[PDB]
Every structure is written in structure tokens, then in C-alpha cells.
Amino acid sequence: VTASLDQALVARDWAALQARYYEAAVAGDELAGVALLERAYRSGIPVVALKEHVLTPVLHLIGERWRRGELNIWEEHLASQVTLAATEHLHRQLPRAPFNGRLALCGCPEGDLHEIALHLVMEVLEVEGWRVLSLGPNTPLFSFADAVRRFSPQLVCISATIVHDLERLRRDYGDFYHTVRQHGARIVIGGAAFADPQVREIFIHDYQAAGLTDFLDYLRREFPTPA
């Protein structure tokens, strides 16, 4: 009955894909979720475009609906678990560039619990042949700085959805930024928190990304690999 899925894939009909991924996610259906993704990859849709044009829009909408009272916590929570599990499930299957000798250190700021974008980012990095160290969400800047001293990474990525602690962050940034520079590493930020110009001001950065596509453009210019 359902080869109409396969017509959504061919047309690149993002809306229908979103709708079906949604139905799987809010229902806690890990397998239906991975299947939809798996099938769209082997149909030749790139992972990044799945991520930017199926997963991200769906989660935004889940949040818009939750806010308007059309959707409840339990449905987001299942969608969140499904998406974390399904993205990893797919990623373990993907081919990867050779190890590029480089180390990325990644996490989200203290008090922020939203970490799916972080996961999408770390995955992309691995596919490009980076070693990744995840501090995960809810990470103080001093903790970032400690880990930069310990590992001397080449890149620090921060995903930030929710930032309120402006004065603490203004204050810890100096030490963080100087540890980064002394180690010769670069800083890339993304996430909704940086729509606020005060937050963006604090988080002195080498590159602010809108999404994964332009992040990749940045990686290719800033950290090019031979062939």
C-alpha cells in the first residue's frame, strides 16, 4: 500500500517526509523512524539534507505545537529519544573520510539541555574524518577550557539553544578564549541562542553557522584535506 512514500522521496517532497517522520517520532517508533531515514539515504538523499530538511523542521514544529497546546510533553520526549537513536543508527552505517589527524571538542553551554543539534554536528564532523570529544550538553565554559588544555583540540563547537547566564559567561569567556588561541584552535557556534546579539557578542567566535551546509563550507575552507 505504501510506495507513496517512494514518490515523496523521488519528488524531494520535504513536507510528506516531515509528516511521516513526525508520525513515527511522536509515537515512539524508533524502527519506523530509522526505516524512513535509511530508505531516503539509499534513494540518494544526502544525510545533511535529511538533517536540515526533515529532522530539524519536524522538531521545530513539535516545539511550535507544544507551545500552542496542540502537542504534549510526552510526545516531544518520545520524538527526542527516537531522533537521537535513529540518527546514530544511521550514522554507524555511513562511510567516512580517512582520519584527518584533527580533534573537535563539542558541547552545549551550562544550563542548556537541548543536544540533538549537537549530535547532528558531531556526526557530520566524524563523516569528514575528525576525531570528536563530546562534553555533551550543560557544560560550563571553564569545563571547555579545562578540556582544551588537556587535549589541545583544533576546533571547539558550541551548540546553544538556551542562554541566560550572561554575566557568568561574560566573565569565564576571557580564560576560555585565551586557552583556545594559545592552543591554536578555532571556535564555531550555532543554534537559536545566537539570534540574541548580546549572546553572540559574548561568544567570540571564528564562525557562526546557520546550519550544517554552511558549517561544511566553513570546514572545507578552514580545514581542507588533500584529496
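Heads up: residue numbers just count along the shown sequence, starting at 1.
In this entry, 26-34 shows the higher mean Cα temperature factor of the pair 188-196 and 26-34. For the pair 36-44 and 54-62, the record assigns the higher mean C-alpha temperature factor to 36-44.
Among 118, 71, 124, 156, the highest C-alpha B-factor in the deposited entry belongs to 71. Ranking 108, 141, 82, 104 by Cα temperature factor from the entry places 82 first. The deposited CA B-factor of residue 98 belongs to the highest third of values across its chain. Residue 208 sits in the lowest third of its chain by CA B factor, as recorded in the PDB entry. Ranked by C-alpha B-factor against the other modelled residues of its chain, residue 133 falls in the middle third. Split the chain's modelled residues into thirds by C-alpha temperature factor. Residue 90 is in the middle one. The deposited CA B-factor of residue 217 belongs to the middle third of values across its chain.
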